[PDB]
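Undergrad: For reference, the structure I am asking about is given below.
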Amino acid sequence: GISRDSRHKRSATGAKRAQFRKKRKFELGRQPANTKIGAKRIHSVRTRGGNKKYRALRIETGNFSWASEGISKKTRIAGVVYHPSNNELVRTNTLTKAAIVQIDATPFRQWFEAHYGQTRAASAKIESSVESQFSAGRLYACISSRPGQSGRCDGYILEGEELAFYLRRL
Amino acid sequence: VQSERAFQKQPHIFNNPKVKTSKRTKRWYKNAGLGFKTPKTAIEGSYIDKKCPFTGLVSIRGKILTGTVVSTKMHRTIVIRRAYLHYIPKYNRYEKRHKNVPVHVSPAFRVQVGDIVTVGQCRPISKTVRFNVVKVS
Amino acid sequence: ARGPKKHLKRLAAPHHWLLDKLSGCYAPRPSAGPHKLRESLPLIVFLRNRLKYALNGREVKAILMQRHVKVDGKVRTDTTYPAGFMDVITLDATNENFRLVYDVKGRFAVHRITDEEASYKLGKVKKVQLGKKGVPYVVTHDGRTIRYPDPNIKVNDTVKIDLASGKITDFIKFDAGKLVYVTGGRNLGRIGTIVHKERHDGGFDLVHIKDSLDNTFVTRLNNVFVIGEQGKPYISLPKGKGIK
Amino acid sequence: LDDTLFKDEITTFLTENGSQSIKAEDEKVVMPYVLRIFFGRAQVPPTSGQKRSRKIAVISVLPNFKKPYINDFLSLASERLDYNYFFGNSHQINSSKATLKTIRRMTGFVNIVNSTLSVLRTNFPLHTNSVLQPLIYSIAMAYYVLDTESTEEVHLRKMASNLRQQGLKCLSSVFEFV
Amino acid sequence: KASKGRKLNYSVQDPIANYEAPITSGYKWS
Amino acid sequence: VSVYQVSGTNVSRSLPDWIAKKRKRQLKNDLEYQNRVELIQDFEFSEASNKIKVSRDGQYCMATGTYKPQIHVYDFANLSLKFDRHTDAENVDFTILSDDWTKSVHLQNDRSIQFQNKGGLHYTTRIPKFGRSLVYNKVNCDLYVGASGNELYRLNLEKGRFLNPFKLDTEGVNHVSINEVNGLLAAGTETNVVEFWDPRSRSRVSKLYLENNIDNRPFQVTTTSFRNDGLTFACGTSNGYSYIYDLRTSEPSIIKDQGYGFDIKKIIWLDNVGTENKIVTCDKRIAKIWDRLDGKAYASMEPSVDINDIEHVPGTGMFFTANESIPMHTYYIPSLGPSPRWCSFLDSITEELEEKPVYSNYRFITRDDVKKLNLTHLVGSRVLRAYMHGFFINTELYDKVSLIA
Amino acid sequence: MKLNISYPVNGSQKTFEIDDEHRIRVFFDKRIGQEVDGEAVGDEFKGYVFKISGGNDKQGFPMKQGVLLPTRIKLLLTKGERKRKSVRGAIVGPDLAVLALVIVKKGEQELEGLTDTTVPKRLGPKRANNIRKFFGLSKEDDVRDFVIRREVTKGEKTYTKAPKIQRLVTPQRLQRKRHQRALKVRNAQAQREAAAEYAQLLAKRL
RNA sequence: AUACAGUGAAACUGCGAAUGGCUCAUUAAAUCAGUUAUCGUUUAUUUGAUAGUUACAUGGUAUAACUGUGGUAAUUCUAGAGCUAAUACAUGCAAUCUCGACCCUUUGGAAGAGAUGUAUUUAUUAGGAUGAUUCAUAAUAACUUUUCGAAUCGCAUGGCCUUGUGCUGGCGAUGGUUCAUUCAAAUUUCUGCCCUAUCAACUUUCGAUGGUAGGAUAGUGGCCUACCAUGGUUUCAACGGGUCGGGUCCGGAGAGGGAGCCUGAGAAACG
Ligand SMILES: [Mg+2]
Ligand SMILES: [Mg+2]
Ligand SMILES: [Mg+2]
């Protein structure tokens with residue numbers, strides 16, 4: 001019963017517009033998908049046209065990208081740590097775009113030690129904060145794919161000004 | 001500039017923390033066209049504005065209008081007034097009419113109350129904003 | 001309506017068909033096809049109300065499925081197939097070849113042509129763009145997407161398509177002094193030479209056209225169709241040579 | 001074994017430090033089966049994007065293993081190949097072994113190694129018997145077949161050229177990483 | 001502020017008026 | 001003791017349910033598929049279930065869904081779905097005002113209270129700040145809504161009037177519960193304190209500070225519940241510790257450890273069933289039954305999927321649980337009491353039932369916590385019986401090492 | 001109650017009226033899918049085993065698996081949309097007019113109407129591999145010889161009717177597959193030629 | 001017609017049922033008339049381009065019509081048996097092009113070196129067309145409960161030979177990925193004749209105005225949610241009050257009551 005019609009709103013002048021017509025299909029909105037960490041559960045949606053949409057109702061794994069080395073690995077999500085819109089999404093481990101989450105650091109550590117043979121030196125140098133996060137065992141990453149719509153939760157590991165700003169906000 | 005809960009950045013522009021060639025963060029900008037010069041403050045500024053017509057994800061297309069600034073209280077958006085003459089046939093005479101058009105203005109423009117601004121149409125940016133300030137005089 | 005329309009009331013039909021009022025309550029609705037609805041002449045009207053070969057829809061239907069008609073070198077079997085500007089209709093049995101070109105009055109003209117000119121048509125290259133796998137292509141006004149075009153071809157040019165193979169035999173650039181045919185506006189059906197093209201950035205361009213009589217008019221660029229070099233049209237023109 | 005759950009099962013069951021990972025006391029008994037189970041998946045033809053994804057996954061899980069286990073997996077690849085006679089003698093090929101079947105098994109072995117190098121890179125465990133001497137013998141086979149075979153055996157020759165191209169590439173890689 | 005109900009409004013609300021009637025018995029303990 | 005799973009997924013925890021639907025077509029030939037008995041038709045949601053409650057009259061049940069957020073109502077007299085009703089946003093908590101299903105109030109997650117009447121959505125009102133729990137006072141017809149902010153909102157159904165909100169010293173109310181005998185309200189704050197309020201007046205009768213000696217970690221009160229006796233009181237913590245309090249004395253009469261370190265999601269008092277001294281403390285993973293006097297474990301329910309809510313049909317031995325699974329589980333412990341009247345013949349098939357049975361008995365510990373407690377030297381000893389990624393220790397021995405550590 | 005018994009191996013079926021209440025009692029309290037011993041039913045059924053399969057009550061409402069009641073209920077039965085229709089419970093009880101049974105195992109004595117007689121399968125295989133499975137033909141043998149034929153006599157005229165084999169390998173299908181592959185190759189060659197000509201055109205222009 | 005073959009009831013599949021018709025209660029920029037954009041979107045169908053990456057052809061994981069046995073007062077009510085098919089439902093398989101020594105022959109052959117789908121999501125790199133792009137397009141790394149890449153049908157029986165029914169095949173139909181085209185749909189820019197001040201404030205009183213992040217959308221967008229700023233219209237008439245549209249055609253709205261769902265390209269469907 002969610003609608004996107006602009007008729008029920010007030011005009012710019014403040015006039016209360018009257019009901020012109022019953023709700024229609026081409027002005028549809030559907031109930032939001034509260035993605036949470038847990039065994040992958042996806043419900044399909046038949047949208048306008050033959051197109052189809054996947055709702056990520058629950059998910060534990062996602063592809064994350066290390067931009068500095070230009071690499072992508074599939075990792076587990078530990079939990080939501082900070083979410084720019086609301087914090088009660090941070091509390092319930094709700095997953096949505098722009099959320100800052102903690103991801104397991106294992107595959108990236110493995111790729112690093114493999115590619116550079118370190119736990120030559122100049123290239124192997126990485127940001128101090130990222131190295132500390134590796135020592136911790138979890139990395140801070142930002143979700144860059146809309147879980148509600150596409151059905152996947154891919155994102156990128158934070159770095160640079162991103163990382164400084166969000167660590168401050170934490 | 002990072003005055004908000006979320007970090008403002010030009011989407012899909014990447015500054016490589018590993019390389020660190022130059023201090024100047026990479027900034028993307030486009031020329032709007034219609035022979036309208038993109039200001040140098042936008043080119044060399046540091047603001048982040050998704051709706052800025054020169055550094056944001058907006059396109060100028062359609063009608064181009066002019067008006068005189070009447071209010072600037074709203075954040076990054078202003079209220080322009082357009083005046084014209086309406087012909088009443090019964091008295092065979094003309095009366096002065098006005099209409100208030102709100103518009104978006106990028107921070108790369110500095111606008112005061114009363115100046116004359118040329119705006120261009122763009123996709124609906126808000127409930128009533130459908131234009132973008134593109135030249136100030 | 002909550003969906004597409006499938007009927008067409010007679011009075012609402014395009015005027016240039018000249019449908020008899022006392023015939024009935026409806027008119028043939030052109031099916032989706034190469035040419036837009038208002039700019040198209042369905043084969044039923046062309047065979048019945050223009051050539052008079054068939055006396056009713058049934059006989060036109062029989063004619064079509066006997067496979068006596070070829071639109072752009074291809075046999076078609078739809079009664080409401082929307083033939084349009086520069087579409088070659090061939091009836092081998094009667095040995096007739098027709099090219100649909102507006103007259104001065106602005107209505108489709110029954111224009112008989114010989115075979116050798118019937119081998120090809122003209123198309124205005126509305127769009128030029130790279131397709132998948134980096135294969136350049138051009139979209140003409142009749143929908144035919146031609147791949148691997150000549151590089152010099154750009155928007156608004158004309159391309160001479162050989163009907164048999166569907167390839168570009170030659171082309172005409174859009175420039176002053178070129179012979180042009182009007183396909184829209186109040187000057188539809190007039191022929192002239194380009195003089196000046198007013199460029200209004202981001203708006204509808206205008207083209208100034210001078211006829212053989214030295215009368216001048218202005219028409220929007222969308223409605224201009226380059227047909228050849230002055231004095232040398234690449235097709236036979238209807239009677240009158242598009243004057244007045 | 002299930003195709004639908006394979007990707008999820010790998011990341012949950014075999015990931016190092018994973019919650020459901022095999023316990024250290026149980027590694028010895030279980031891992032032999034895991035290597036055999038993953039070995040079969042490595043013999044799928046990568047004809048489609050999903051099948052390509054599956055083949056990368058089986059090689060992508062290798063670093064989670066311990067080094068002794070990784071060496072065993074490479075041994076399983078080379079068990080089918082017969083090379084001991086070659087280094088036993090003065091590096092000479094048996095004409096009987098020179099067949100299309102051997103080359104086909106050979107290309108299968110070399111293909112596994114090139115994939116495994118790419119994932120493990122400098123961490124790749126190299127052992128003379130398990131990997132290197134099968135690898136050298138395979139390049140040794142390629143020269144023999146190419147010189148000895150006559151031109152009418154075009155397809156068998158092409159399988160030889162393919163083996164050589166992969167084999168020399170494999171050597172170029174294996175030095176580079178380790 | 002008051003928009004979206006973020007400020008508490010203590011007006012009567014007709015649809016929920018007399019939604020349920022209080023029990024006259026009260027608490028079982030005296 | 002014998003615990004039977006009347007309904008619920010019977011696959012491995014690692015195997016998700018949706019593939020079982022895909023396996024379903026392949027396994028149609030199998031005899032067990034014919035023999036399996038489903039108690040209520042469609043007793044299942046599309047992806048997951050949030051809350052489950054039983055109407056007081058005893059013939060109807062209501063449940064909430066994840067997507068599309070919907071509201072089933074089951075008719076026990078017909079063992080069937082009565083009607084499903086969609087909503088705008090996912091449910092966080094609700095109550096059934098009427099004795100039947102007709103009359104209910106649902107606190108969604110978009111900060112809106114929706115009043116569902118029998119016909120359909122009656123009225124939707126919004127509280128000033130996000131809600132976390134919802135209780136109804138039958139005596140005053142005043143509905144009390146916990147909130148993220150300090151103030152605890154009050155809505156009066158009789159007058160149709162928001163009244164003066166109560167003001168709590170601390171911010172964040174996780175659960176609220178009303179004692180039937182006395183009207184005492186208990187508010188579970190985020191900080192380790194439970195604040196009691198008088199409804200007839202508007203005051204703070206007292207605040208109880210929860211003290212756990214075992215773990216110095218901070219903990220949040222997540223649930224509360226008053227026994228029908230009108231004197232005893234239960235608390236849950238975010239550390240998985242369930243307290244039983246006699247209200248008069250400040251000391252906790254018993255402290256029981258669930259041992260998995262997971263927040264307690266609900267407490268149910270099994271007084272009605274007979275042998276009144278039993279209680280259920282439901283976790284994310286386990287619902288344990290134990291006796292209020294001795295603290296000894298009576299029975300445990302160990303579903304294969306996370307528990308979101310648990311409900312006990314009054315006067316019977318049945319239990320429903322809303323899970324993260326497609327089906328909602330139904331359990332039946334015959335020892336507690338007779339099967340419900342509508343499940344009159346459930347006893348007949350007891351042998352055909354699954355009869356599910358250490359994990360409840362002991363305390364679970366992670367690998368990291370073993371290091372914190374310096375118990376690494378015992379790894380491999382008969383004291384540490386390793387399961388999954390952690391080690392089990394006797395609850396008594398855990399208390400010993402923790403204080404020393 | 002009437003017992004509608006079916007023997008699937010022969011394909012036979014017959015109904016036995018029962019007036020005594022005691023075999024009816026041994027039927028009572030069972031559920032669909034359970035098994036019962038014939039001897040309790042009657043010495044004629046001695047040694048037989050009956051699997052209950054369904055039935056109808058005195059008001060004509062059928063029985064459904066999975067519902068643990070002896071009384072009717074209005075259930076949301078499917079065949080997307082599902083009607084709510086009445087159904088009898090799955091527990092056998094005195095209120096049943098007719099009970100359906102399937103003979104799992106044969107006893108000592110032969111029933112007159114079920115074991116002794118047969119009803120032939122109405123239709124035979126039509127897909128080629130099904131014919132092969134029915135006759136166990138080897139790959140070299142052709143099913144075309146072993147097709148089931150049924151004789152039809154109308155007056156003095158007589159002819160044999162046989163089904164059309166589906167999924168049979170014939171020269172036509174080989175021709176079609178060859179044509180598809182050749183078409184694909186031809187298309188690829190055409191595209192290659194076009195690309196080469198385009199490259200040559202650009203080379204001339206440069 | 002010794003697999004069927006002419007014709008064909010019944011049933012399963014596919015396509016369509018959102019067109020057409022009929023009544024005017026409502027509402028004074030609400031629809032509407034002209035005018036503008038979609039660089040901001042979806043689109044059955046038509047038209048035109050477009051996919052070299054067990055097989056002499058898989059399964060019932062299958063049932064209808066049909067054969068037979070019954071219940072009930074009983075319906076387009078029904079259960080138990082027994083069959084059988086696909087364009088239904090599931091599953092699924094020895095080539096080309098560059099650089100080209102030998103400069104051998106100078107069109108040319110050629111050692112060797114290489115290179116090789118599409119779709120979803122994200123990250124990252126390059127960038128002919130428009131005034132203008134993070135456009136078209138290409139590349140790298142991974143991801144997918146993830147696709148698609150003929151197990152189809154009619155008519156005809158040609159050309160080769162290596163006589164095996166060996167190889168090579170003509171005209172069509174039905175399908176299918178992406179783009180364009182067409183039929184449409186949805187929002188949207190500017191302009192637009194009643195009386196009115198004895199209607200001067202209205203909005204912000206469950207978003208009013210704007211920023212930013214998210215959710216939903218086919219998408220833009222307070223359309224909806226969180227946080228933040230306090231704004232927006234009006235004496236040039238806002239706000240309020242009274243009094244089907246345009247030109248038979250074109251538009252607008254509507255068919256037990258209200259609440260909720262369902263398919264489909266298109267419906268809050270006259271189902
Ligand atoms: Mg349809
Ligand atoms: Mg097509
Ligand atoms: Mg937005």
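Residues in the structure tokens are named by chain (A, B, ... in the order shown) and by number from 1 within that chain; ligands are numbered from 1 in the order shown.
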Please find the residues contacting ligand 3 at a distance of at most 12 Å between atoms, with only C-alpha atoms (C1' of nucleotides) and all ligand atoms counted, and report them as a ChimeraX atom specification.
TA: /A:85,97 /B:50-51,124-126 /H:211-217,220-225
Undergrad: Using only C-alpha atoms (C1' of nucleotides) and all ligand atoms, what are the residues with an atom within 12 Å of ligand 2, set out as a VMD selection string?
TA: (chain C and resid 33) or (chain H and resid 45 to 50 175 to 181)
Undergrad: With a cut-off of 9 Å, could you pull out the residues of chain B touching chain H and give me the nearest pair of atoms for each, distance in Å to one decimal, using only C-alpha atoms (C1' of nucleotides), ordered by chain and ascending number, as a Markdown table?
TA:
| residue | atom | partner | partner_atom | distance |
| --- | --- | --- | --- | --- |
| B:4 | CA | H:212 | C1' | 7.4 |
| B:5 | CA | H:213 | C1' | 8.1 |
| B:6 | CA | H:213 | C1' | 6.6 |
| B:8 | CA | H:212 | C1' | 8.6 |
| B:11 | CA | H:134 | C1' | 8.1 |
| B:12 | CA | H:134 | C1' | 7.0 |
| B:13 | CA | H:134 | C1' | 8.4 |
| B:14 | CA | H:124 | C1' | 8.6 |
| B:30 | CA | H:133 | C1' | 7.4 |
| B:31 | CA | H:132 | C1' | 6.5 |
| B:32 | CA | H:132 | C1' | 5.1 |
| B:33 | CA | H:131 | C1' | 4.6 |
| B:34 | CA | H:131 | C1' | 5.0 |
| B:35 | CA | H:131 | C1' | 7.5 |
| B:57 | CA | H:134 | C1' | 8.1 |
| B:58 | CA | H:39 | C1' | 8.0 |
| B:59 | CA | H:39 | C1' | 5.8 |
| B:60 | CA | H:132 | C1' | 7.5 |
| B:61 | CA | H:37 | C1' | 7.1 |
| B:62 | CA | H:37 | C1' | 6.0 |
| B:63 | CA | H:189 | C1' | 6.6 |
| B:73 | CA | H:231 | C1' | 7.5 |
| B:74 | CA | H:210 | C1' | 5.7 |
| B:75 | CA | H:210 | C1' | 5.8 |
| B:76 | CA | H:211 | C1' | 7.5 |
| B:77 | CA | H:210 | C1' | 7.0 |
| B:88 | CA | H:193 | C1' | 8.1 |
| B:89 | CA | H:193 | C1' | 8.2 |
| B:90 | CA | H:193 | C1' | 8.8 |
| B:95 | CA | H:236 | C1' | 7.9 |
| B:96 | CA | H:236 | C1' | 6.2 |
| B:97 | CA | H:236 | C1' | 5.5 |
| B:98 | CA | H:236 | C1' | 6.8 |
| B:100 | CA | H:233 | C1' | 8.9 |
| B:121 | CA | H:189 | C1' | 7.2 |
| B:122 | CA | H:37 | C1' | 8.7 |
| B:123 | CA | H:220 | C1' | 6.1 |
| B:124 | CA | H:220 | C1' | 5.7 |
| B:125 | CA | H:221 | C1' | 6.3 |
| B:126 | CA | H:221 | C1' | 5.5 |
| B:127 | CA | H:221 | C1' | 6.5 |
| B:130 | CA | H:189 | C1' | 8.1 |
Undergrad: Compute the set of chain A residues within 10 Å of chain F, using only C-alpha atoms, and express it as a ChimeraX atom specification.
TA: /A:1-2,29-34,38-43,55,57-58,88
Undergrad: Using only C-alpha atoms (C1' of nucleotides) and all ligand atoms, which protein or nucleic acid residues are at most 9 Å from ligand 1, as a ChimeraX atom specification?
TA: /H:15-17,44,264-265
Undergrad: If we count only C-alpha atoms (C1' of nucleotides) and set the cut-off at 6 Å, which residues sit around residue 118 (chain B), ignoring sequence neighbours fewer than 2 positions away in its own chain? Please answer as a PyMOL selection string.
TA: chain B and resi 65-66+135
Undergrad: With N, CA, C and O atoms retained, could you export that selection as an mmCIF file, in the first residue's frame?
TA:
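Output saved as selection_13.cif:
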data_model
loop_
_atom_site.group_PDB
_atom_site.id
_atom_site.type_symbol
_atom_site.label_atom_id
_atom_site.label_comp_id
_atom_site.auth_asym_id
_atom_site.auth_seq_id
_atom_site.Cartn_x
_atom_site.Cartn_y
_atom_site.Cartn_z
ATOM 1 N N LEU B 65 16.399 30.470 -18.879
ATOM 2 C CA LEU B 65 15.629 31.595 -18.383
ATOM 3 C C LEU B 65 16.552 32.571 -17.674
ATOM 4 O O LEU B 65 17.697 32.251 -17.357
ATOM 5 N N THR B 66 16.042 33.776 -17.435
ATOM 6 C CA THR B 66 16.745 34.788 -16.662
ATOM 7 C C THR B 66 15.798 35.380 -15.630
ATOM 8 O O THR B 66 14.579 35.386 -15.814
ATOM 9 N N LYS B 135 24.685 31.233 -14.700
ATOM 10 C CA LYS B 135 25.479 32.434 -14.948
ATOM 11 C C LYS B 135 24.962 33.554 -14.062
ATOM 12 O O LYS B 135 23.750 33.731 -13.936
#
Undergrad: Give one line per residue of chain F that approaches chain E to at most 8 Å, naming the two atoms of the closest pair and their distance in Å to one decimal, counting only C-alpha atoms; sort by chain then ascending residue number and deliver it as JSON lines.
TA:
{"residue": "F:122", "atom": "CA", "partner": "E:15", "partner_atom": "CA", "distance": 7.5}
{"residue": "F:123", "atom": "CA", "partner": "E:15", "partner_atom": "CA", "distance": 6.4}
{"residue": "F:126", "atom": "CA", "partner": "E:5", "partner_atom": "CA", "distance": 6.1}
{"residue": "F:127", "atom": "CA", "partner": "E:5", "partner_atom": "CA", "distance": 6.6}
{"residue": "F:128", "atom": "CA", "partner": "E:6", "partner_atom": "CA", "distance": 4.1}
{"residue": "F:129", "atom": "CA", "partner": "E:6", "partner_atom": "CA", "distance": 6.6}
{"residue": "F:138", "atom": "CA", "partner": "E:22", "partner_atom": "CA", "distance": 6.7}
{"residue": "F:139", "atom": "CA", "partner": "E:26", "partner_atom": "CA", "distance": 5.5}
{"residue": "F:140", "atom": "CA", "partner": "E:22", "partner_atom": "CA", "distance": 5.5}
{"residue": "F:141", "atom": "CA", "partner": "E:22", "partner_atom": "CA", "distance": 5.4}
{"residue": "F:157", "atom": "CA", "partner": "E:19", "partner_atom": "CA", "distance": 5.4}
{"residue": "F:158", "atom": "CA", "partner": "E:18", "partner_atom": "CA", "distance": 4.6}
{"residue": "F:159", "atom": "CA", "partner": "E:17", "partner_atom": "CA", "distance": 5.7}
{"residue": "F:160", "atom": "CA", "partner": "E:17", "partner_atom": "CA", "distance": 4.3}
{"residue": "F:161", "atom": "CA", "partner": "E:12", "partner_atom": "CA", "distance": 5.1}
{"residue": "F:162", "atom": "CA", "partner": "E:10", "partner_atom": "CA", "distance": 5.1}
{"residue": "F:163", "atom": "CA", "partner": "E:10", "partner_atom": "CA", "distance": 6.6}
{"residue": "F:180", "atom": "CA", "partner": "E:27", "partner_atom": "CA", "distance": 7.6}
{"residue": "F:181", "atom": "CA", "partner": "E:28", "partner_atom": "CA", "distance": 6.0}
{"residue": "F:182", "atom": "CA", "partner": "E:27", "partner_atom": "CA", "distance": 6.5}
{"residue": "F:183", "atom": "CA", "partner": "E:27", "partner_atom": "CA", "distance": 7.1}
Undergrad: Dump N, CA, C and O atoms for the selected residues as a JSON list (two decimals), in the first residue's frame?
TA:
[["chain", "number", "residue", "atom", "x", "y", "z"],
["F", 122, "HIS", "N", -7.06, -0.03, 11.04],
["F", 122, "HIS", "CA", -7.98, 0.98, 11.53],
["F", 122, "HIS", "C", -7.35, 2.36, 11.53],
["F", 122, "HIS", "O", -7.87, 3.29, 10.90],
["F", 123, "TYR", "N", -6.23, 2.51, 12.22],
["F", 123, "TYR", "CA", -5.63, 3.81, 12.46],
["F", 123, "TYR", "C", -4.14, 3.62, 12.68],
["F", 123, "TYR", "O", -3.71, 2.63, 13.28],
["F", 126, "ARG", "N", 1.99, 7.69, 15.30],
["F", 126, "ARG", "CA", 3.44, 7.67, 15.38],
["F", 126, "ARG", "C", 3.87, 8.17, 16.75],
["F", 126, "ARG", "O", 3.34, 9.17, 17.24],
["F", 127, "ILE", "N", 4.81, 7.46, 17.36],
["F", 127, "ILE", "CA", 5.39, 7.91, 18.63],
["F", 127, "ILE", "C", 6.55, 8.84, 18.29],
["F", 127, "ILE", "O", 7.10, 8.77, 17.18],
["F", 128, "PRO", "N", 6.96, 9.72, 19.20],
["F", 128, "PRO", "CA", 8.03, 10.67, 18.86],
["F", 128, "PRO", "C", 9.35, 10.02, 18.48],
["F", 128, "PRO", "O", 10.06, 10.57, 17.63],
["F", 129, "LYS", "N", 9.71, 8.89, 19.07],
["F", 129, "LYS", "CA", 11.00, 8.27, 18.81],
["F", 129, "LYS", "C", 10.83, 6.76, 18.67],
["F", 129, "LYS", "O", 9.79, 6.20, 19.01],
["F", 138, "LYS", "N", -4.48, -3.47, 31.05],
["F", 138, "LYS", "CA", -5.91, -3.71, 30.93],
["F", 138, "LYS", "C", -6.70, -2.85, 31.90],
["F", 138, "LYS", "O", -7.86, -2.51, 31.65],
["F", 139, "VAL", "N", -6.09, -2.49, 33.03],
["F", 139, "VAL", "CA", -6.82, -1.79, 34.08],
["F", 139, "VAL", "C", -7.14, -0.36, 33.68],
["F", 139, "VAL", "O", -8.25, 0.12, 33.90],
["F", 140, "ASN", "N", -6.18, 0.34, 33.09],
["F", 140, "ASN", "CA", -6.35, 1.74, 32.72],
["F", 140, "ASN", "C", -6.57, 1.96, 31.24],
["F", 140, "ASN", "O", -6.80, 3.09, 30.82],
["F", 141, "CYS", "N", -6.50, 0.91, 30.42],
["F", 141, "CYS", "CA", -6.52, 1.06, 28.98],
["F", 141, "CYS", "C", -5.45, 2.04, 28.51],
["F", 141, "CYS", "O", -5.69, 2.86, 27.62],
["F", 157, "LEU", "N", -6.02, 4.35, 25.37],
["F", 157, "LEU", "CA", -6.99, 3.89, 24.39],
["F", 157, "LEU", "C", -8.40, 4.37, 24.74],
["F", 157, "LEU", "O", -9.20, 4.64, 23.84],
["F", 158, "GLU", "N", -8.72, 4.46, 26.03],
["F", 158, "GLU", "CA", -10.05, 4.90, 26.41],
["F", 158, "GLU", "C", -10.30, 6.33, 25.96],
["F", 158, "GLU", "O", -11.30, 6.62, 25.29],
["F", 159, "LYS", "N", -9.40, 7.25, 26.30],
["F", 159, "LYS", "CA", -9.55, 8.65, 25.96],
["F", 159, "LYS", "C", -9.08, 8.98, 24.55],
["F", 159, "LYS", "O", -9.37, 10.08, 24.07],
["F", 160, "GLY", "N", -8.38, 8.08, 23.89],
["F", 160, "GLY", "CA", -7.79, 8.41, 22.61],
["F", 160, "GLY", "C", -6.83, 9.58, 22.72],
["F", 160, "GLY", "O", -6.85, 10.48, 21.88],
["F", 161, "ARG", "N", -6.00, 9.57, 23.76],
["F", 161, "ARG", "CA", -5.18, 10.71, 24.13],
["F", 161, "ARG", "C", -3.80, 10.24, 24.53],
["F", 161, "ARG", "O", -3.66, 9.39, 25.41],
["F", 162, "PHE", "N", -2.77, 10.77, 23.88],
["F", 162, "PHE", "CA", -1.42, 10.70, 24.44],
["F", 162, "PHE", "C", -1.48, 11.41, 25.78],
["F", 162, "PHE", "O", -2.00, 12.52, 25.87],
["F", 163, "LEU", "N", -0.94, 10.78, 26.81],
["F", 163, "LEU", "CA", -0.87, 11.41, 28.12],
["F", 163, "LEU", "C", 0.57, 11.79, 28.42],
["F", 163, "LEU", "O", 1.47, 11.67, 27.59],
["F", 180, "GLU", "N", 0.61, -8.38, 36.59],
["F", 180, "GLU", "CA", -0.85, -8.46, 36.58],
["F", 180, "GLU", "C", -1.43, -8.23, 37.97],
["F", 180, "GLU", "O", -2.43, -7.53, 38.14],
["F", 181, "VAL", "N", -0.81, -8.83, 38.99],
["F", 181, "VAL", "CA", -1.37, -8.79, 40.33],
["F", 181, "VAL", "C", -1.34, -7.37, 40.88],
["F", 181, "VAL", "O", -2.29, -6.91, 41.52],
["F", 182, "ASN", "N", -0.24, -6.64, 40.63],
["F", 182, "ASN", "CA", 0.01, -5.37, 41.29],
["F", 182, "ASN", "C", 0.00, -4.16, 40.37],
["F", 182, "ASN", "O", -0.19, -3.05, 40.86],
["F", 183, "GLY", "N", 0.19, -4.34, 39.07],
["F", 183, "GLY", "CA", 0.33, -3.21, 38.18],
["F", 183, "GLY", "C", 1.71, -2.62, 38.11],
["F", 183, "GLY", "O", 1.92, -1.67, 37.35]]
Undergrad: Restricting the calculation to only C-alpha atoms: of F:78, F:263, F:246, F:385, which residue gets closest to residue 67 (chain G)?
TA: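 Using only C-alpha atoms, the shortest distance to residue 67 (chain G) belongs to F:78.
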Undergrad: Near residue 135 (chain D), within 12 Å and counting only C-alpha atoms (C1' of nucleotides), which residues show up once chain neighbours fewer than 2 positions away are dropped, as number ranges by chain?
TA: D: 74-75, 77-78, 81-83, 106-114, 126-133, 137-142, 163-164, 166-172, 174
